[PDB]
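Below is one structure, written out as structure tokens; the observations come after it.
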């Protein structure tokens, strides 16, 4: 089997991407944030505290003839941005772009934190990291990809995120028309539960490439590119007037600037992030100070190749017995 679904930016900045997902019988379609940095499929639901729902589409298990309560199971998760959610668990039929999993754990939110409530466009998350990170207790549950893998034509999914435009998640096949050149594969460590790999270095604009190992995670659920402070300083030093602002929370730059590109290494290959991809707009409405798309990881504990980086590439998440990551230009 295979599946193929379009993923769409939630706003004009590409702050996140939503993909339609069918849950239950008859289908209930919710728009989920596919997140290669986490491993829970959770949804706004009929059980969510009513004051914490503000425009989202909800899953109502009592209207699904295939929903079954997973007795005793609870979940609770906290994300790197400080947000969180928790609740109970059902199993139900879940389909993404024509690909169907029966018995998928659907984690129903009873509580969500304010940033979820405040984002009316995201109905939940669909985690695509390794199942060792799943938070269901006392019986840990598998991700959608893990459940589908054995049935797929090939044990892979691909992320093809657009810049200010829709893109595609495919399951079970590699669309050879979706990229240019060849795909360069690189080793993955699953020891922290992430799609963790080592970039071979970077360049700023037309500058020379610096060969240096950068361990980080491929995370579709993070908006920006978070890298070591030395790398980020070298980038923003090429932008007149750019500075790190403690009051804003990162590097800002004059909105009148033209930003240089940023290149990262994948083995001997190179992925080029155009300068425009690094512009996240005014810090507040009407301001002439703009927020940068490359930020320091110094306070996280891990480097994060988020959407800014991933949307410059066609990315293969290879779930073979020994997982690997593939990157191609497009």
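All of this is worked out from the model, or read from it or from the source named; no laboratory read-out is quoted. Quick reminder, even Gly has a Cβ in these numbers, built from the backbone with ideal geometry, and neighbours come from all protein chains shown.
Summary of computed values
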| read-out | value |
| --- | --- |
| Hey, residue 190 closer than 30 Å to residue 103 by Cβ, touching a residue at least 60 places away in the same chain (Cβ under 8 Å), in the same structural domain as residue 32 (by CATH) and under 19 Å from the mean Cα position of the chain (by Cα) or not | no |
| Boolean, residue 169 is in contact with a helix residue (DSSP H, G or I) (Cβ under 7 Å, 6 or more places away or on another chain) and surrounded by 16 or more Cβ atoms within 10 Å (Cβ to Cβ) | no |
| Matching residues in region 140-162 - criterion: being without any contact (Cβ under 8 Å) to a residue 24 or more places away in the chain and farther than 27 Å from residue 88 by Cβ | 150, 154 |
| Count of residues meeting criterion [under 23 Å from residue 278 (Cβ atoms) and not in a loop (DSSP other than H, G, I, E, B)] in region 169-185 | 1 |
| Test: residue 106 is touching a strand residue (DSSP E or B) at 6+ places or on another chain (Cβ under 6 Å), in contact (Cβ under 8 Å) with a residue 60 or more places away in the chain and assigned by CATH to the domain that holds residue 27 | yes |
| Selection status of residue 145, farther than 22 Å from residue 319 by Cβ, within 18 Å of the chain's Cα centre (by Cα) and in a helix (DSSP H, G or I) | no |
| Residue that is nearest to residue 7 (Cα to Cα) [pool: residues in region 203-244 that are part of a strand (DSSP E or B) and touching a helix residue (DSSP H, G or I) at 6+ places or on another chain (Cβ under 6 Å)] | 225 |
| Residue 6, sole failed condition from (1) within 23 Å of residue 221 (Cα to Cα); (2) surrounded by fewer than 22 Cβ atoms within 10 Å (Cβ to Cβ); (3) in contact with a helix residue (DSSP H, G or I) (Cβ under 6 Å, 6 or more places away or on another chain); (4) touching a residue at least 60 places away in the same chain (Cβ under 8 Å) | (3) |
| Residues within region 219-230 that are closer than 19 Å to residue 82 by Cα and either under 8 Å from the mean Cα position of the chain (by Cα) or surrounded by fewer than 24 Cβ atoms within 10 Å (Cβ to Cβ) (or both), tallied | 6 |
| The listed residue being touching a strand residue (DSSP E or B) at 6+ places or on another chain (Cβ under 6 Å), surrounded by 20 or more Cβ atoms within 10 Å (Cβ to Cβ) and farther than 30 Å from residue 281 by Cβ, out of 112, 89, 21, 43 | 89 |
| The one condition in (1) surrounded by fewer than 17 Cβ atoms within 10 Å (Cβ to Cβ); (2) farther than 30 Å from residue 173 by Cα that residue 98 fails to fulfil | (2) |
| Filter pass, residue 194 being surrounded by 14 or more Cβ atoms within 10 Å (Cβ to Cβ) and closer than 30 Å to residue 283 by Cβ | yes |
| Condition met for residue 129 (assigned by CATH to the domain that holds residue 37, closer than 30 Å to residue 12 by Cβ, in contact (Cβ under 8 Å) with a residue 40 or more places away in the chain and crowded, with 17+ Cβ neighbours inside 10 Å) | yes |
